[PDB]
file run_27.cif (mmCIF, N, CA and C atoms)
data_target
#
loop_
_atom_site.label_atom_id
_atom_site.label_comp_id
_atom_site.auth_asym_id
_atom_site.auth_seq_id
_atom_site.Cartn_x
_atom_site.Cartn_y
_atom_site.Cartn_z
N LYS A 6 65.72 83.09 128.46
CA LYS A 6 65.41 81.93 129.30
C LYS A 6 66.70 81.29 129.77
N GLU A 7 66.59 80.47 130.81
CA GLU A 7 67.72 79.75 131.33
C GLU A 7 68.38 78.94 130.23
N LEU A 8 69.71 78.97 130.28
CA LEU A 8 70.52 78.24 129.36
C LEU A 8 71.23 77.13 130.10
N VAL A 9 71.50 76.02 129.41
CA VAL A 9 72.33 75.02 130.05
C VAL A 9 73.39 74.63 129.02
N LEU A 10 74.43 74.12 129.55
CA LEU A 10 75.50 73.63 128.70
C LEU A 10 75.40 72.09 128.70
N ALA A 11 75.56 71.50 127.54
CA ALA A 11 75.62 70.05 127.39
C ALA A 11 76.98 69.54 127.90
N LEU A 12 76.98 68.74 128.95
CA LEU A 12 78.25 68.22 129.39
C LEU A 12 78.69 66.97 128.60
N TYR A 13 77.77 66.28 127.95
CA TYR A 13 78.07 65.05 127.24
C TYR A 13 77.22 64.95 126.05
N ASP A 14 77.65 64.12 125.12
CA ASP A 14 76.81 63.74 123.99
C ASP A 14 75.61 62.94 124.52
N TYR A 15 74.46 63.11 123.88
CA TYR A 15 73.27 62.35 124.26
C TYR A 15 72.44 62.08 123.05
N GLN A 16 72.26 60.80 122.70
CA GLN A 16 71.45 60.45 121.55
C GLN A 16 70.05 60.00 122.02
N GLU A 17 69.07 60.54 121.42
CA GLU A 17 67.78 60.28 121.93
C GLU A 17 67.46 58.81 121.85
N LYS A 18 66.71 58.33 122.82
CA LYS A 18 66.32 56.92 122.76
C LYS A 18 64.79 56.66 122.85
N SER A 19 64.01 57.71 122.85
CA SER A 19 62.60 57.58 123.06
C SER A 19 61.92 58.77 122.41
N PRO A 20 60.62 58.66 122.17
CA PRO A 20 59.93 59.69 121.46
C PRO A 20 60.05 61.09 122.02
N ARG A 21 60.07 61.16 123.33
CA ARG A 21 60.01 62.47 123.86
C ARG A 21 61.39 63.04 124.06
N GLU A 22 62.43 62.29 123.67
CA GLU A 22 63.81 62.72 123.95
C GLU A 22 64.44 63.54 122.82
N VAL A 23 65.48 64.32 123.11
CA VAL A 23 66.15 64.98 121.99
C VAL A 23 67.62 64.61 121.98
N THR A 24 68.32 64.84 120.90
CA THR A 24 69.74 64.51 120.89
C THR A 24 70.51 65.76 121.14
N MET A 25 71.64 65.69 121.79
CA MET A 25 72.48 66.88 121.94
C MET A 25 73.91 66.43 121.88
N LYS A 26 74.85 67.39 121.66
CA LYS A 26 76.30 67.17 121.61
C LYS A 26 76.94 67.96 122.70
N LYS A 27 78.01 67.38 123.21
CA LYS A 27 78.82 67.98 124.20
C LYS A 27 79.19 69.40 123.77
N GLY A 28 79.00 70.38 124.65
CA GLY A 28 79.28 71.78 124.36
C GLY A 28 78.10 72.54 123.77
N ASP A 29 77.01 71.86 123.40
CA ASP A 29 75.79 72.55 123.00
C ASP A 29 75.27 73.45 124.12
N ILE A 30 74.75 74.62 123.71
CA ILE A 30 74.12 75.56 124.62
C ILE A 30 72.60 75.41 124.37
N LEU A 31 71.90 74.91 125.41
CA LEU A 31 70.48 74.60 125.19
C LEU A 31 69.64 75.60 125.95
N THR A 32 68.40 75.75 125.51
CA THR A 32 67.47 76.59 126.30
C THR A 32 66.65 75.65 127.20
N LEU A 33 66.71 75.90 128.50
CA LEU A 33 65.97 75.08 129.45
C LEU A 33 64.50 75.46 129.43
N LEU A 34 63.64 74.47 129.11
CA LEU A 34 62.17 74.63 129.10
C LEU A 34 61.50 74.23 130.40
N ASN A 35 61.93 73.13 131.00
CA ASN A 35 61.24 72.77 132.23
C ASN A 35 62.18 71.91 133.00
N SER A 36 62.44 72.27 134.24
CA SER A 36 63.34 71.47 135.04
C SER A 36 62.66 70.98 136.32
N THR A 37 61.34 70.80 136.27
CA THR A 37 60.61 70.32 137.45
C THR A 37 60.95 68.87 137.85
N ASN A 38 61.23 68.00 136.86
CA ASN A 38 61.63 66.61 137.12
C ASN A 38 63.09 66.50 137.50
N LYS A 39 63.38 65.73 138.52
CA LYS A 39 64.74 65.61 138.98
C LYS A 39 65.62 64.84 138.01
N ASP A 40 65.06 64.04 137.18
CA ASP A 40 65.96 63.29 136.37
C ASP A 40 66.05 63.71 134.94
N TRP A 41 64.95 64.25 134.42
CA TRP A 41 64.81 64.52 133.00
C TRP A 41 64.44 65.95 132.82
N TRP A 42 65.20 66.71 132.03
CA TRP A 42 64.88 68.11 131.76
C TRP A 42 64.43 68.34 130.34
N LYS A 43 63.40 69.18 130.16
CA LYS A 43 62.99 69.50 128.80
C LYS A 43 63.74 70.74 128.32
N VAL A 44 64.34 70.61 127.15
CA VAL A 44 65.18 71.63 126.53
C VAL A 44 64.83 71.79 125.06
N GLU A 45 65.42 72.82 124.52
CA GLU A 45 65.31 73.19 123.09
C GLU A 45 66.75 73.20 122.57
N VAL A 46 66.92 72.44 121.52
CA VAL A 46 68.24 72.11 120.96
C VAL A 46 68.10 72.53 119.56
N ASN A 47 68.79 73.64 119.34
CA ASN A 47 68.51 74.55 118.28
C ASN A 47 67.00 74.78 118.15
N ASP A 48 66.45 73.91 117.32
CA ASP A 48 65.12 73.88 116.80
C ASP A 48 64.24 72.78 117.37
N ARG A 49 64.81 71.83 118.11
CA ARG A 49 63.99 70.71 118.57
C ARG A 49 63.76 70.83 120.08
N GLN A 50 62.59 70.35 120.60
CA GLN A 50 62.32 70.36 122.07
C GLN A 50 62.18 68.96 122.65
N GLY A 51 62.59 68.69 123.86
CA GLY A 51 62.40 67.33 124.32
C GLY A 51 63.21 67.07 125.57
N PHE A 52 63.22 65.82 126.09
CA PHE A 52 63.98 65.56 127.29
C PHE A 52 65.41 65.02 127.09
N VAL A 53 66.28 65.44 127.99
CA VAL A 53 67.59 64.91 128.15
C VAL A 53 67.78 64.66 129.62
N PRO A 54 68.74 63.80 130.02
CA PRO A 54 69.03 63.63 131.45
C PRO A 54 69.57 64.95 132.11
N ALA A 55 68.94 65.31 133.23
CA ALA A 55 69.29 66.46 133.99
C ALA A 55 70.74 66.39 134.29
N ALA A 56 71.28 65.19 134.51
CA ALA A 56 72.69 65.15 134.92
C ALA A 56 73.64 65.48 133.76
N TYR A 57 73.18 65.42 132.56
CA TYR A 57 74.23 65.63 131.60
C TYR A 57 74.34 67.09 131.23
N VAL A 58 73.60 67.96 131.96
CA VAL A 58 73.57 69.37 131.64
C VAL A 58 73.96 70.17 132.80
N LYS A 59 74.48 71.35 132.50
CA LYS A 59 74.86 72.30 133.53
C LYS A 59 74.19 73.65 133.29
N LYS A 60 73.43 74.10 134.30
CA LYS A 60 72.77 75.40 134.30
C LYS A 60 73.77 76.58 134.21
N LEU A 61 73.57 77.55 133.30
CA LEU A 61 74.40 78.76 133.28
C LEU A 61 73.51 79.97 133.70
N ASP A 62 73.67 80.51 134.90
CA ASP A 62 72.69 81.49 135.40
C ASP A 62 73.06 82.96 135.18
#
call {"tool": "encode", "arguments": {"input": "run_27.cif", "output": "structure tokens"}}
result
Amino acid sequence: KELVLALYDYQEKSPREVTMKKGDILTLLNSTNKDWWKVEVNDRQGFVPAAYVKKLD
């Protein structure tokens, strides 16, 4: 599946959110929303800001 790189640290602030660290390689689950992307961070799934991630194709 599509991978993204974490460009910044992100601490979750809401139920549906996940935390990530700068340099994390995440699996992209859904990128239909322009602002919020659903990813898998190691073992956890949830939203992070689309802007803090970079798609690796």
call {"tool": "atom_distance", "arguments": {"input": "run_27.cif", "atom1": "CA of residue 10 in chain A", "atom2": "CA of residue 53 in chain A"}}
result
11.8 Å
call {"tool": "closest_residue", "arguments": {"input": "run_27.cif", "among": "A:56, A:47, A:6, A:62", "to": "residue 34 in chain A", "atoms": "all atoms listed in the file"}}
result
A:6
call {"tool": "atom_distance", "arguments": {"input": "run_27.cif", "atom1": "CA of residue 59 in chain A", "atom2": "CA of residue 19 in chain A"}}
result
21.8 Å
call {"tool": "atom_distance", "arguments": {"input": "run_27.cif", "atom1": "atom C of residue 61 in chain A", "atom2": "CA of residue 20 in chain A"}}
result
27.3 Å
call {"tool": "residues_around", "arguments": {"input": "run_27.cif", "residues": "residue 49 in chain A", "least_positions_apart": "3", "cutoff": "8 Å", "atoms": "all atoms listed in the file", "output": "ChimeraX atom specification"}}
result
/A:22-24,44-46,52
call {"tool": "resolve_selection", "arguments": {"input": "run_27.cif", "expression": "the PyMOL selection byres (((chain A and resi 40 and name CA) around 9) and name CA)", "output": "MDAnalysis selection string"}}
result
chainID A and resid 36:39 41:42 53:56
call {"tool": "select_by_dssp", "arguments": {"input": "run_27.cif", "residues": "chain A", "states": "strand (DSSP E or B)", "output": "ChimeraX atom specification"}}
result
/A:8-11,15,22,25,30-35,41-46,49-54,58-61
call {"tool": "write_last_selection", "arguments": {"input": "run_27.cif", "atoms": "N, CA and C atoms", "output": "PDB file, keeping the file's coordinate frame"}}
result
ATOM      1  N   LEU A   8      69.710  78.970 130.280  1.00  0.00           N
ATOM      2  CA  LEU A   8      70.520  78.240 129.360  1.00  0.00           C
ATOM      3  C   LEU A   8      71.230  77.130 130.100  1.00  0.00           C
ATOM      4  N   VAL A   9      71.500  76.020 129.410  1.00  0.00           N
ATOM      5  CA  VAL A   9      72.330  75.020 130.050  1.00  0.00           C
ATOM      6  C   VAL A   9      73.390  74.630 129.020  1.00  0.00           C
ATOM      7  N   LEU A  10      74.430  74.120 129.550  1.00  0.00           N
ATOM      8  CA  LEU A  10      75.500  73.630 128.700  1.00  0.00           C
ATOM      9  C   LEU A  10      75.400  72.090 128.700  1.00  0.00           C
ATOM     10  N   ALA A  11      75.560  71.500 127.540  1.00  0.00           N
ATOM     11  CA  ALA A  11      75.620  70.050 127.390  1.00  0.00           C
ATOM     12  C   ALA A  11      76.980  69.540 127.900  1.00  0.00           C
ATOM     13  N   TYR A  15      74.460  63.110 123.880  1.00  0.00           N
ATOM     14  CA  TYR A  15      73.270  62.350 124.260  1.00  0.00           C
ATOM     15  C   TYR A  15      72.440  62.080 123.050  1.00  0.00           C
ATOM     16  N   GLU A  22      62.430  62.290 123.670  1.00  0.00           N
ATOM     17  CA  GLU A  22      63.810  62.720 123.950  1.00  0.00           C
ATOM     18  C   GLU A  22      64.440  63.540 122.820  1.00  0.00           C
ATOM     19  N   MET A  25      71.640  65.690 121.790  1.00  0.00           N
ATOM     20  CA  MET A  25      72.480  66.880 121.940  1.00  0.00           C
ATOM     21  C   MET A  25      73.910  66.430 121.880  1.00  0.00           C
ATOM     22  N   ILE A  30      74.750  74.620 123.710  1.00  0.00           N
ATOM     23  CA  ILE A  30      74.120  75.560 124.620  1.00  0.00           C
ATOM     24  C   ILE A  30      72.600  75.410 124.370  1.00  0.00           C
ATOM     25  N   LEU A  31      71.900  74.910 125.410  1.00  0.00           N
ATOM     26  CA  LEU A  31      70.480  74.600 125.190  1.00  0.00           C
ATOM     27  C   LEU A  31      69.640  75.600 125.950  1.00  0.00           C
ATOM     28  N   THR A  32      68.400  75.750 125.510  1.00  0.00           N
ATOM     29  CA  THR A  32      67.470  76.590 126.300  1.00  0.00           C
ATOM     30  C   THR A  32      66.650  75.650 127.200  1.00  0.00           C
ATOM     31  N   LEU A  33      66.710  75.900 128.500  1.00  0.00           N
ATOM     32  CA  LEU A  33      65.970  75.080 129.450  1.00  0.00           C
ATOM     33  C   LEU A  33      64.500  75.460 129.430  1.00  0.00           C
ATOM     34  N   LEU A  34      63.640  74.470 129.110  1.00  0.00           N
ATOM     35  CA  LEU A  34      62.170  74.630 129.100  1.00  0.00           C
ATOM     36  C   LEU A  34      61.500  74.230 130.400  1.00  0.00           C
ATOM     37  N   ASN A  35      61.930  73.130 131.000  1.00  0.00           N
ATOM     38  CA  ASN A  35      61.240  72.770 132.230  1.00  0.00           C
ATOM     39  C   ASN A  35      62.180  71.910 133.000  1.00  0.00           C
ATOM     40  N   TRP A  41      64.950  64.250 134.420  1.00  0.00           N
ATOM     41  CA  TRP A  41      64.810  64.520 133.000  1.00  0.00           C
ATOM     42  C   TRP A  41      64.440  65.950 132.820  1.00  0.00           C
ATOM     43  N   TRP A  42      65.200  66.710 132.030  1.00  0.00           N
ATOM     44  CA  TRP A  42      64.880  68.110 131.760  1.00  0.00           C
ATOM     45  C   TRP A  42      64.430  68.340 130.340  1.00  0.00           C
ATOM     46  N   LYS A  43      63.400  69.180 130.160  1.00  0.00           N
ATOM     47  CA  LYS A  43      62.990  69.500 128.800  1.00  0.00           C
ATOM     48  C   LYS A  43      63.740  70.740 128.320  1.00  0.00           C
ATOM     49  N   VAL A  44      64.340  70.610 127.150  1.00  0.00           N
ATOM     50  CA  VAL A  44      65.180  71.630 126.530  1.00  0.00           C
ATOM     51  C   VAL A  44      64.830  71.790 125.060  1.00  0.00           C
ATOM     52  N   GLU A  45      65.420  72.820 124.520  1.00  0.00           N
ATOM     53  CA  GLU A  45      65.310  73.190 123.090  1.00  0.00           C
ATOM     54  C   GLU A  45      66.750  73.200 122.570  1.00  0.00           C
ATOM     55  N   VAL A  46      66.920  72.440 121.520  1.00  0.00           N
ATOM     56  CA  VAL A  46      68.240  72.110 120.960  1.00  0.00           C
ATOM     57  C   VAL A  46      68.100  72.530 119.560  1.00  0.00           C
ATOM     58  N   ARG A  49      64.810  71.830 118.110  1.00  0.00           N
ATOM     59  CA  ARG A  49      63.990  70.710 118.570  1.00  0.00           C
ATOM     60  C   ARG A  49      63.760  70.830 120.080  1.00  0.00           C
ATOM     61  N   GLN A  50      62.590  70.350 120.600  1.00  0.00           N
ATOM     62  CA  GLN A  50      62.320  70.360 122.070  1.00  0.00           C
ATOM     63  C   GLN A  50      62.180  68.960 122.650  1.00  0.00           C
ATOM     64  N   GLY A  51      62.590  68.690 123.860  1.00  0.00           N
ATOM     65  CA  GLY A  51      62.400  67.330 124.320  1.00  0.00           C
ATOM     66  C   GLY A  51      63.210  67.070 125.570  1.00  0.00           C
ATOM     67  N   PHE A  52      63.220  65.820 126.090  1.00  0.00           N
ATOM     68  CA  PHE A  52      63.980  65.560 127.290  1.00  0.00           C
ATOM     69  C   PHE A  52      65.410  65.020 127.090  1.00  0.00           C
ATOM     70  N   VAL A  53      66.280  65.440 127.990  1.00  0.00           N
ATOM     71  CA  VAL A  53      67.590  64.910 128.150  1.00  0.00           C
ATOM     72  C   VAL A  53      67.780  64.660 129.620  1.00  0.00           C
ATOM     73  N   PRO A  54      68.740  63.800 130.020  1.00  0.00           N
ATOM     74  CA  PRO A  54      69.030  63.630 131.450  1.00  0.00           C
ATOM     75  C   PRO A  54      69.570  64.950 132.110  1.00  0.00           C
ATOM     76  N   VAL A  58      73.600  67.960 131.960  1.00  0.00           N
ATOM     77  CA  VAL A  58      73.570  69.370 131.640  1.00  0.00           C
ATOM     78  C   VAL A  58      73.960  70.170 132.800  1.00  0.00           C
ATOM     79  N   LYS A  59      74.480  71.350 132.500  1.00  0.00           N
ATOM     80  CA  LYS A  59      74.860  72.300 133.530  1.00  0.00           C
ATOM     81  C   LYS A  59      74.190  73.650 133.290  1.00  0.00           C
ATOM     82  N   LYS A  60      73.430  74.100 134.300  1.00  0.00           N
ATOM     83  CA  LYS A  60      72.770  75.400 134.300  1.00  0.00           C
ATOM     84  C   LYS A  60      73.770  76.580 134.210  1.00  0.00           C
ATOM     85  N   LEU A  61      73.570  77.550 133.300  1.00  0.00           N
ATOM     86  CA  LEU A  61      74.400  78.760 133.280  1.00  0.00           C
ATOM     87  C   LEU A  61      73.510  79.970 133.700  1.00  0.00           C
TER      88      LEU A  61
END
call {"tool": "residues_around", "arguments": {"input": "run_27.cif", "residues": "residue 30 in chain A", "least_positions_apart": "3", "cutoff": "7 Å", "atoms": "only C-alpha atoms", "output": "list in words"}}
result
residues 8, 9, 10 and 11 of chain A
call {"tool": "residues_near_point", "arguments": {"input": "run_27.cif", "point": "(79.0, 69.3, 121.9)", "cutoff": "7 Å", "atoms": "all atoms listed in the file", "output": "ChimeraX atom specification"}}
result
/A:11,13-14,25-29
call {"tool": "decode", "arguments": {"input": "run_27.cif", "residues": "range 28-57 of chain A", "atoms": "N, CA, C and O atoms", "output": "PDB file, in the first residue's frame"}}
result
ATOM      1  N   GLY A  28       9.865  11.368  10.641  1.00  0.00           N
ATOM      2  CA  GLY A  28      10.634  10.278  10.056  1.00  0.00           C
ATOM      3  C   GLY A  28       9.930   8.932  10.070  1.00  0.00           C
ATOM      4  O   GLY A  28      10.428   7.992   9.448  1.00  0.00           O
ATOM      5  N   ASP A  29       8.788   8.809  10.763  1.00  0.00           N
ATOM      6  CA  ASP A  29       7.975   7.599  10.678  1.00  0.00           C
ATOM      7  C   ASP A  29       7.535   7.339   9.239  1.00  0.00           C
ATOM      8  O   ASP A  29       7.204   8.237   8.473  1.00  0.00           O
ATOM      9  N   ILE A  30       7.519   6.039   8.877  1.00  0.00           N
ATOM     10  CA  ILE A  30       7.040   5.594   7.582  1.00  0.00           C
ATOM     11  C   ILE A  30       5.648   4.983   7.864  1.00  0.00           C
ATOM     12  O   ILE A  30       5.481   3.962   8.563  1.00  0.00           O
ATOM     13  N   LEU A  31       4.611   5.636   7.314  1.00  0.00           N
ATOM     14  CA  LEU A  31       3.247   5.194   7.670  1.00  0.00           C
ATOM     15  C   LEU A  31       2.629   4.543   6.459  1.00  0.00           C
ATOM     16  O   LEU A  31       2.993   4.907   5.333  1.00  0.00           O
ATOM     17  N   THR A  32       1.632   3.704   6.717  1.00  0.00           N
ATOM     18  CA  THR A  32       0.868   3.144   5.576  1.00  0.00           C
ATOM     19  C   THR A  32      -0.389   4.012   5.392  1.00  0.00           C
ATOM     20  O   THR A  32      -1.110   4.248   6.394  1.00  0.00           O
ATOM     21  N   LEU A  33      -0.550   4.554   4.204  1.00  0.00           N
ATOM     22  CA  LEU A  33      -1.705   5.397   3.908  1.00  0.00           C
ATOM     23  C   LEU A  33      -2.939   4.525   3.691  1.00  0.00           C
ATOM     24  O   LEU A  33      -2.926   3.592   2.845  1.00  0.00           O
ATOM     25  N   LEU A  34      -3.974   4.753   4.531  1.00  0.00           N
ATOM     26  CA  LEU A  34      -5.274   4.050   4.438  1.00  0.00           C
ATOM     27  C   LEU A  34      -6.308   4.793   3.614  1.00  0.00           C
ATOM     28  O   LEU A  34      -7.011   4.216   2.781  1.00  0.00           O
ATOM     29  N   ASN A  35      -6.398   6.102   3.780  1.00  0.00           N
ATOM     30  CA  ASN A  35      -7.421   6.776   2.995  1.00  0.00           C
ATOM     31  C   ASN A  35      -7.002   8.194   2.880  1.00  0.00           C
ATOM     32  O   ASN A  35      -6.832   8.848   3.903  1.00  0.00           O
ATOM     33  N   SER A  36      -6.932   8.708   1.667  1.00  0.00           N
ATOM     34  CA  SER A  36      -6.536  10.083   1.496  1.00  0.00           C
ATOM     35  C   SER A  36      -7.608  10.883   0.746  1.00  0.00           C
ATOM     36  O   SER A  36      -7.285  11.803   0.024  1.00  0.00           O
ATOM     37  N   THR A  37      -8.874  10.466   0.889  1.00  0.00           N
ATOM     38  CA  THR A  37      -9.957  11.183   0.212  1.00  0.00           C
ATOM     39  C   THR A  37     -10.204  12.612   0.742  1.00  0.00           C
ATOM     40  O   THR A  37     -10.624  13.483   0.012  1.00  0.00           O
ATOM     41  N   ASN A  38     -10.002  12.829   2.054  1.00  0.00           N
ATOM     42  CA  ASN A  38     -10.138  14.155   2.666  1.00  0.00           C
ATOM     43  C   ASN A  38      -8.910  15.021   2.430  1.00  0.00           C
ATOM     44  O   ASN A  38      -7.768  14.567   2.537  1.00  0.00           O
ATOM     45  N   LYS A  39      -9.122  16.255   2.058  1.00  0.00           N
ATOM     46  CA  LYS A  39      -8.006  17.125   1.769  1.00  0.00           C
ATOM     47  C   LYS A  39      -7.228  17.518   3.013  1.00  0.00           C
ATOM     48  O   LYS A  39      -6.057  17.796   2.978  1.00  0.00           O
ATOM     49  N   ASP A  40      -7.811  17.443   4.154  1.00  0.00           N
ATOM     50  CA  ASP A  40      -7.044  17.911   5.254  1.00  0.00           C
ATOM     51  C   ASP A  40      -6.500  16.852   6.157  1.00  0.00           C
ATOM     52  O   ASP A  40      -5.564  17.156   6.918  1.00  0.00           O
ATOM     53  N   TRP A  41      -7.225  15.736   6.255  1.00  0.00           N
ATOM     54  CA  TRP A  41      -6.950  14.711   7.248  1.00  0.00           C
ATOM     55  C   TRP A  41      -6.794  13.404   6.545  1.00  0.00           C
ATOM     56  O   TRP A  41      -7.738  12.968   5.940  1.00  0.00           O
ATOM     57  N   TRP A  42      -5.672  12.715   6.743  1.00  0.00           N
ATOM     58  CA  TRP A  42      -5.456  11.401   6.137  1.00  0.00           C
ATOM     59  C   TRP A  42      -5.476  10.281   7.143  1.00  0.00           C
ATOM     60  O   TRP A  42      -4.924  10.434   8.244  1.00  0.00           O
ATOM     61  N   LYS A  43      -6.119   9.149   6.794  1.00  0.00           N
ATOM     62  CA  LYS A  43      -6.088   8.023   7.701  1.00  0.00           C
ATOM     63  C   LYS A  43      -4.890   7.133   7.362  1.00  0.00           C
ATOM     64  O   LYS A  43      -4.674   6.821   6.185  1.00  0.00           O
ATOM     65  N   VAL A  44      -4.121   6.829   8.390  1.00  0.00           N
ATOM     66  CA  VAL A  44      -2.880   6.059   8.295  1.00  0.00           C
ATOM     67  C   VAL A  44      -2.819   4.996   9.389  1.00  0.00           C
ATOM     68  O   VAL A  44      -3.616   4.851  10.330  1.00  0.00           O
ATOM     69  N   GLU A  45      -1.823   4.171   9.223  1.00  0.00           N
ATOM     70  CA  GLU A  45      -1.487   3.080  10.159  1.00  0.00           C
ATOM     71  C   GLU A  45      -0.043   3.350  10.585  1.00  0.00           C
ATOM     72  O   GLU A  45       0.825   3.628   9.741  1.00  0.00           O
ATOM     73  N   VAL A  46       0.109   3.412  11.887  1.00  0.00           N
ATOM     74  CA  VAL A  46       1.344   3.868  12.532  1.00  0.00           C
ATOM     75  C   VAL A  46       1.670   2.744  13.420  1.00  0.00           C
ATOM     76  O   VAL A  46       0.893   2.416  14.339  1.00  0.00           O
ATOM     77  N   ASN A  47       2.710   2.066  12.945  1.00  0.00           N
ATOM     78  CA  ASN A  47       2.984   0.702  13.270  1.00  0.00           C
ATOM     79  C   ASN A  47       1.694  -0.127  13.230  1.00  0.00           C
ATOM     80  O   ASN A  47       1.229  -0.620  12.197  1.00  0.00           O
ATOM     81  N   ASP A  48       1.097  -0.145  14.406  1.00  0.00           N
ATOM     82  CA  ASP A  48      -0.026  -0.930  14.836  1.00  0.00           C
ATOM     83  C   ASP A  48      -1.310  -0.142  15.022  1.00  0.00           C
ATOM     84  O   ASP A  48      -2.306  -0.703  15.446  1.00  0.00           O
ATOM     85  N   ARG A  49      -1.255   1.187  14.986  1.00  0.00           N
ATOM     86  CA  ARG A  49      -2.468   1.945  15.266  1.00  0.00           C
ATOM     87  C   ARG A  49      -2.992   2.587  13.976  1.00  0.00           C
ATOM     88  O   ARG A  49      -2.138   2.940  13.139  1.00  0.00           O
ATOM     89  N   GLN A  50      -4.340   2.776  13.826  1.00  0.00           N
ATOM     90  CA  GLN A  50      -4.914   3.453  12.631  1.00  0.00           C
ATOM     91  C   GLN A  50      -5.617   4.762  12.984  1.00  0.00           C
ATOM     92  O   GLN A  50      -6.300   4.811  13.951  1.00  0.00           O
ATOM     93  N   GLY A  51      -5.603   5.780  12.172  1.00  0.00           N
ATOM     94  CA  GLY A  51      -6.318   6.962  12.602  1.00  0.00           C
ATOM     95  C   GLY A  51      -5.933   8.152  11.748  1.00  0.00           C
ATOM     96  O   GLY A  51      -5.171   7.986  10.794  1.00  0.00           O
ATOM     97  N   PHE A  52      -6.438   9.367  12.062  1.00  0.00           N
ATOM     98  CA  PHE A  52      -6.095  10.505  11.248  1.00  0.00           C
ATOM     99  C   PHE A  52      -4.907  11.364  11.737  1.00  0.00           C
ATOM    100  O   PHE A  52      -4.611  11.421  12.921  1.00  0.00           O
ATOM    101  N   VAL A  53      -4.170  11.876  10.768  1.00  0.00           N
ATOM    102  CA  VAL A  53      -3.170  12.872  10.954  1.00  0.00           C
ATOM    103  C   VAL A  53      -3.408  13.931   9.917  1.00  0.00           C
ATOM    104  O   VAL A  53      -4.053  13.656   8.899  1.00  0.00           O
ATOM    105  N   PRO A  54      -2.889  15.158  10.106  1.00  0.00           N
ATOM    106  CA  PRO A  54      -2.998  16.181   9.055  1.00  0.00           C
ATOM    107  C   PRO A  54      -2.228  15.771   7.747  1.00  0.00           C
ATOM    108  O   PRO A  54      -1.031  15.418   7.737  1.00  0.00           O
ATOM    109  N   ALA A  55      -2.948  15.862   6.618  1.00  0.00           N
ATOM    110  CA  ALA A  55      -2.425  15.567   5.334  1.00  0.00           C
ATOM    111  C   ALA A  55      -1.178  16.340   5.145  1.00  0.00           C
ATOM    112  O   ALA A  55      -0.342  15.885   4.362  1.00  0.00           O
ATOM    113  N   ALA A  56      -1.113  17.562   5.676  1.00  0.00           N
ATOM    114  CA  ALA A  56       0.071  18.367   5.375  1.00  0.00           C
ATOM    115  C   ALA A  56       1.316  17.862   6.118  1.00  0.00           C
ATOM    116  O   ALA A  56       2.448  18.209   5.815  1.00  0.00           O
ATOM    117  N   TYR A  57       1.149  17.076   7.128  1.00  0.00           N
ATOM    118  CA  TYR A  57       2.396  16.811   7.790  1.00  0.00           C
ATOM    119  C   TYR A  57       3.048  15.563   7.223  1.00  0.00           C
ATOM    120  O   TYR A  57       3.918  15.020   7.888  1.00  0.00           O
TER     121      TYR A  57
END
